[PDB]
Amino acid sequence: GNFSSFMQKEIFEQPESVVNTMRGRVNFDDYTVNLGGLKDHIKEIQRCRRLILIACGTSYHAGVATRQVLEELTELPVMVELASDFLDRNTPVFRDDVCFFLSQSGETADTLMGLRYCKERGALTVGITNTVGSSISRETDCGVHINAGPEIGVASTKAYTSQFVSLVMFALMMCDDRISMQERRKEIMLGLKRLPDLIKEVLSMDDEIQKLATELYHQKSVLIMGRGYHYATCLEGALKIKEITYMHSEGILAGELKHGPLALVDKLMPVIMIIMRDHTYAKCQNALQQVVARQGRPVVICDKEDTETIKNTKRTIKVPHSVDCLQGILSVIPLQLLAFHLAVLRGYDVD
């Protein structure tokens, strides 16, 4: 290791781990995706009727991050479940379900108990893990190794974005026979090529993320607001800032703001809004104005080329542009960096 913290290293490693996940799998010449661990099951999975993503903590947030593109490209119901809640409810599961179990370690008890429950119902089980030979990796019918390398830190960082990328790769396989989605998977794979270079462009803003931490050093709460593709971003951002900085960070769905949580907004409540260039732009802007009109001052994580938000907002963490279903990868990096720097400022052991 070269850096101070394991977490810190693992964060800056992301332009390399992403490439490792796509290694011997993606091909940018002939637009083919191929996930070896699923090559014996991919046709049976393609005939299934629902996808269930079961996980705890940040591995659950990755499901949330890729729910939408999975629905769009499989045209199947996609259900994302927190493993503890899944087991408490005795969730209905059937033989034509494909159940995914996302777990970095492959040993989290609830996610594994969920695997056994699903297997007993006769569902097709799929592992998205980072630990070869782990319990979740062995006991599932098939699976994918995200290949992000070892993770020794307490907060997941590279594991999250590589869980992300692999689920997007799975989505690209599922829709490979459909004529109408040929262009759509082209633009997604172009973005997967540009991804590591653009992740490095985000790592360039460590300066601005370091000094944003010092302003929020004394603060006790921070509301992270996000829509659609970035609901996961805000949930995951809020979870890091909880876990390692011990500040009350809560992710809030932007569309739910007017239904109650808006009350929390005043001049003294710091807000981080994720307003990016996708189909929900106008609605994210309505959420901004609702916050401003309540006298809040939001640090907006926005697009680099979004002129009417860079000038119109005091603090902006400008992020490079990618295709809508990949932006979640880029826009979460500033928040995992902010979680690290606040932890340092308060004099805590990130590891």
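From 1 onward, residues are counted along the sequence shown.
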Q) Quick one: higher average CA temperature factor, 113-121 or 265-273? A) 265-273
Q) Looking at the deposited entry, does 170-178 or 193-201 carry the larger mean Cα B-factor? A) 193-201
Q) Based on the PDB record, which member of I52, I310, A55, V64 exhibits the highest Cα temperature factor? A) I310
Q: Identify, among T233, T74, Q210, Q104, the residue whose C-alpha carries the highest B-factor in the deposited PDB entry.
A: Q210
Q: Looking at the entry's B-factor column for C-alpha atoms only, identify whether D278 ranks in the lowest, middle or highest third of its chain.
A: middle
Q: Could you look up the Cα B-factor of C48 in the entry and say which third of the chain it sits in: lowest, middle or highest?
A: lowest
Q: Looking at the entry's B-factor column for C-alpha atoms only, identify whether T91 ranks in the lowest, middle or highest third of its chain.
A: lowest
Q.
Using the temperature factors of the C-alpha atoms in this entry, rank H259 within its chain: lowest, middle or highest third.
A. lowest
Q.
What third of the chain does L70 rank in for C-alpha temperature factor, lowest, middle or highest?
A. lowest
